[PDB]
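We count ligands from 1, going down the list as the structure has it; atoms in each ligand are counted the same way. We count residues from 1, following the sequence as given.
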Amino acid sequence: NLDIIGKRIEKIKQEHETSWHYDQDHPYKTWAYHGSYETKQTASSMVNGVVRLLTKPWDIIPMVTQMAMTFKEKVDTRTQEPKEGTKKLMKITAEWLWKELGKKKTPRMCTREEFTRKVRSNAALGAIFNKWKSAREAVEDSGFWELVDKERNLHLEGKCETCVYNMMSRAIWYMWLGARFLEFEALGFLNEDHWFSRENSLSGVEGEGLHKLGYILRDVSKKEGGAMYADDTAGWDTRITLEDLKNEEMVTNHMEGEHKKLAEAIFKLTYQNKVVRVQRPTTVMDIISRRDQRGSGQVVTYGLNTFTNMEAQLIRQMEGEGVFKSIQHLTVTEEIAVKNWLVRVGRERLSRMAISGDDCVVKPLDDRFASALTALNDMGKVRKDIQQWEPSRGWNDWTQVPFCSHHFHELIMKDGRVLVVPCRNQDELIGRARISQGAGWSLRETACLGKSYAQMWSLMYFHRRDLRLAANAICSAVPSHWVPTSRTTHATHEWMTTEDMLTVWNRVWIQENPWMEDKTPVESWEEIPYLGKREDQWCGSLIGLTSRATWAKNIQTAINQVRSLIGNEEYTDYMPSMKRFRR
Ligand SMILES: Cc1ncc(CNc2cncc(F)c2)s1
Ligand SMILES: Cc1ncc(CNc2cncc(F)c2)s1
Ligand SMILES: [Zn+2]
Ligand SMILES: [Zn+2]
């Protein structure tokens with residue numbers, strides 16, 4: 001305990017020797033509280049003007065406008081230790097699942113070279129400012145790496161000095177860049193080498209992309225079974241048990257040499273024992289500790305969430321199939337039965353699921369799954385917005401299943417070929433495009449973010465009448481050659497490019513689409529179909545409203561307003577790619 005965190009604590013305590021005070025009115029119960037010290041400082045959303053000026057009808061939709069305005073009593077929760085039978089079910093399943101993921105993969109260390117490219121082309125690794133300004137600067141230096149080396153040698157010693165989280169249903173724990181590297185060195189392979197790919201994991205979708213998710217849900221639908229189940233967990237990261245953290249750590253069993261010790265240290269020191277600096281305006285910096293809950297990089301979090309979610313869902317399948325009778329204790333015969341289930345049908349059972357971190361869709365063997373709730377509830381993976389022992393409401397139609405904030409439509413092209421297209425409430429799409437994260441943006445940068453959104457809409461949401469039109473308008477209003485930008489790059493972002501959008505559509509939807517047998521390129525945008533105009537209205541379209549018809553009719557005037565603001569640049573008119581504007 002304090003042997004493992006004390007060094008980290010004692011080091012912080014000393015850098016504020018004229019401040020340290022053990023405030024006796026600290027609000028922590030579930031989190032251990034060590035002390036405090038003096039600080040004073042805070043990033044709200046800004047509106048993207050290029051997008052808003054070209055989406056005027058939406059200036060009066062409260063669902064769009066409210067998205068741009070404005071529980072920490074959930075992070076301070078505690079989950080009960082699972083029963084012995086639950087713990088055995090999890091240990092056995094975790095062992096078998098690491099083996100399966102490892103069959104065609106080699107754990108390996110990631111390198112500074114790799115980490116250095118990441119920071120120069122910008123991911124969201126989540127660092128802090130201090131001694132160097134940006135993340136870009138500290139990597140270019142040589143002193144930072146000497147710091148890294150020190151901590152690394154300490155990790156091999158089995159101690160830790162500077163790996164401390166900073167808190168800030170979305171609470172992010174940013175770490176200093178050095179700690180991020182040591183985490184990425186040890187565990188980056190999980191993301192970098194696609195361990196949770198559909199090919200390697202059977203349930204996973206890592207790197208598959210929105211244009212593939214709908215086809216994958218449909219492939220699951222083709223299996224014999226009962227309803228499709230899509231239970232969200234109530235605050236998944238706050239319900240990761242120490243038992244989950246120990247079963248994740250069994251990935252080190254597949255490692256060797258330096259890598260194995262470095263990985264064990266990350267699991268032992270930064271995951272199974274955590275030290276966090278949280279601000280408290282009453283402004284002190286509280287130094288609290290905790291062994292449980294999900295702390296890690298957003299990207300290792302994703303891989304370990306997918307892993308533990310796969311594990312829980314295999315066990316819920318086992319329960320619905322009556323592989324084990326009770327979670328209180330597992331008979332020696334029940335252990336063998338579980339083990340032989342995994343060996344005999346485990347891979348088939350994984351192919352019945354689509355899992356993206358804390359998000360899942362299961363098509364179990366039959367509807368017994370709906371009331372198989374004892375293992376799920378005991379593991380602490382308590383379902384959101386339904387009573388604890390109330391049976392799951394399944395879905396009969398794969399086109400109604402929620403997954404990764406989307407639903408999927410089946411859409412028939414004029415030539416018989418079949419698109420499965422992603423979709424969500426259009427107010428959600430327009431409200432997100434109207435928002436820029438960070439201030440300090442030039443007109444040019446703001447314009448290039450709008451163009452990223454426009455190109456995503458043309459690629460993913462082309463079947464929505466208002467999004468094809470607004471996307472054509474934004475791309476007409478931003479200089480033809482200006483490059484699309486984004487301040488967090490997830491899966492596959494084929495819209496981040498200066499190439500012709502019809503050429504990308506053809507590559508993504510026809511050429512590279514393994515569900516399309518005929519590879520005939522499409523020759524214009526008019527070949528590319530829309531949802532039915534009632535289906536479009538159901539998913540939030542403004543077609544049929546007066547405000548919308550005036551906007552479409554007078555779009556060239558909105559385009560010209562934005563062209564005037566940006567200035568005398570080279571523009572393309574994309575509106576004639578649509579039938580109604582083609583004279
Ligand atoms: C790291 C990931 N790999 C695939 C994912 C599936 N989810 C998704 C959501 N939004 C846009 C996407 F391209 C994909 S998440
Ligand atoms: C219920 C409605 N019936 C026709 C409408 C007009 N909206 C529209 C726009 N572009 C292409 C279309 F097929 C239809 S709204
Ligand atoms: Zn450390
Ligand atoms: Zn829809």
J.: Centre-to-centre under 6.0 Å for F307 and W98, is that the case here?
T.: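 Here the rings of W98 and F307 have centres that are less than 6.0 Å from each other.
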J.: Classify the angle between the aromatic ring planes of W145 and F181 as parallel (below 30°), tilted (30 to 60°) or perpendicular (above 60°).
T.: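 Geometry flag for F181 against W145: perpendicular rings.
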J.: Taking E114 first and then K118, would you say they form a salt bridge - that is, a charged N and a carboxylate O separated by under 4.0 Å?
T.: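 The answer is no: the pair does not qualify as a salt bridge.
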J.: Can the ring centres of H259 and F189 be said to be less than 6.0 Å apart?
T.: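 Judged by ring-centre distance (under 6.0 Å), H259 and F189 do meet the cut-off.
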J.: Check the angle between the aromatic planes of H463 and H409 and answer parallel, tilted or perpendicular using the 30° and 60° thresholds.
T.: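 Correct class here is tilted.
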J.: Please name all residues satisfying side-chain contact (heavy atoms from CB on, under 4.5 Å) with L210, sequence neighbours left out, ordered by chain then number.
T.: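 Partners of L210 by the side-chain contact (heavy atoms from CB on, under 4.5 Å) criterion, ordered by chain and then number, come out as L213, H406, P422, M460, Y461.
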J.: Every pair of nitrogen or oxygen atoms between ligand 1 and the protein that is under 3.5 angstrom apart - can you list them with their distances to 0.1 Å?
T.:
| unit_1 | atom_1 | unit_2 | atom_2 | d |
| --- | --- | --- | --- | --- |
| ligand 1 | 3 (N) | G207 | N | 3.2 |

J.: How are the rings of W176 and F144 set to each other: parallel, tilted or perpendicular (split at 30° and 60°)?
T.: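 Aromatic pair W176/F144 classed perpendicular.
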J.: Whether the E157 and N153 side chains hold a donor-acceptor pair (N or O, under 3.5 Å, no angle test) is what I'd like checked.
T.: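 Note: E157 and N153 side chains miss the donor-acceptor criterion.
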J.: With the Zn ion (ligand 3) as the centre, enumerate protein N/O/S atoms below 2.8 Å in chain and residue order.
T.: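 Result, waters dropped: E151 OE2, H155 NE2, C160 SG, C163 SG.
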J.: Which of the atoms in ligand 2, numbered in the order shown and given with their element, are less than 4.0 Å from a heavy-atom of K533?
T.: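 Atoms satisfying the 4.0 Å criterion: 3 (N), 4 (C), 13 (F), 14 (C).
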J.: Sequence neighbours left out, what passes side-chain contact (heavy atoms from CB on, under 4.5 Å) with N48? Give chain and number order.
T.: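 Listed in chain order: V50, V51, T446, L449.
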J.: Relative to each other, are the rings of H16 and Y37 parallel, tilted or perpendicular (30° and 60° limits)?
T.: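 Answer is parallel, since the angle falls under 30°.
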